[PDB]
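One structure is given here, and the rest of the page talks about it.
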Amino acid sequence: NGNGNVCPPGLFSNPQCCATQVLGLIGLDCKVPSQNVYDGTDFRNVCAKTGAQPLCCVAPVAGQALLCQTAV
Ligand SMILES: [Zn+2]
Ligand SMILES: [Zn+2]
């Protein structure tokens, strides 16, 4: 479900739907999407479902807290 059609090349390459985010770089309760996203619109909207926040983290694995960045 997405992989970088919504995220930057590199380190914040991985799209996760997250609970919230803190400090501008830590994403929390991050689950990987439930649907391939192609843009921000489907990123923000596919995430919203869970009441979550679209982010681009350094890992593709779900995690309590991950070093993320907010999706564009
Ligand atoms: Zn949760
Ligand atoms: Zn779209």
Side-chain angles (χ1 to χ4, degrees):
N1 298 299
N3 48 69
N5 17 16
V6 281
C7 294
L11 162 91
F12 298 128
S13 93
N14 307 290
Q16 285 226 46
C17 272
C18 309
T20 166
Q21 188 209 189
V22 307
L23 308 191
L25 208 66
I26 262 44
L28 259 148
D29 193 10
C30 289
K31 292 166 164 200
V32 314
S34 54
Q35 111 155 36
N36 2 274
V37 294
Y38 310 116
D39 56 286
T41 284
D42 356 83
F43 193 17
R44 168 147 113 283
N45 285 293
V46 170
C47 275
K49 268 161 219 341
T50 38
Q53 256 3 262
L55 322 166
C56 299
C57 311
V58 320
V61 286
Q64 316 182 157
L66 277 130
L67 255 153
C68 311
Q69 191 189 245
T70 70
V72 245

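Here, residue 1 is the first one in the sequence, and each next residue gets the next number. Just so you know, ligand 1 is whichever comes first in the structure, and atom 1 is the first atom listed for that ligand.
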Pairwise distance [atom1]([X]) to [atom2]([Y]) - rounded to 0.5 angstrom:
X	Y	atom1	atom2	answer
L25	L55	CG	CG	10.0 Å
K31	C47	NZ	SG	11.5 Å
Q16	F43	CD	CZ	8.5 Å

task = Could you tell me whether the side chain of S34 reaches within less than 4.5 Å of the side chain of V46, counting heavy atoms only?
result =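 Yes - at least one pair of side-chain heavy atoms lies under 4.5 Å apart.
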key: Nearby protein N/O/S atoms (those under 2.8 Å) for the Zn ion (ligand 1), with water ignored   =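 Result, waters dropped: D29 OD2.
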query = If you stand at the Zn ion (ligand 2) and look out to OD2 of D39 and OD1 of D42, what angle do those two lines make, to 10°?
reply =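 Answer comes to 80°, rounded to 10°.
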query = Do you know the tightest heavy-atom contact between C56 and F12?
reply =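 Where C56 meets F12 most closely, the heavy atoms are O-CB, 2.9 Å.
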Which atom pairs, donor and acceptor, lie under 3.5 Å between side-chain atoms of residues 64-72 and protein residues at least two apart or in another chain?
none

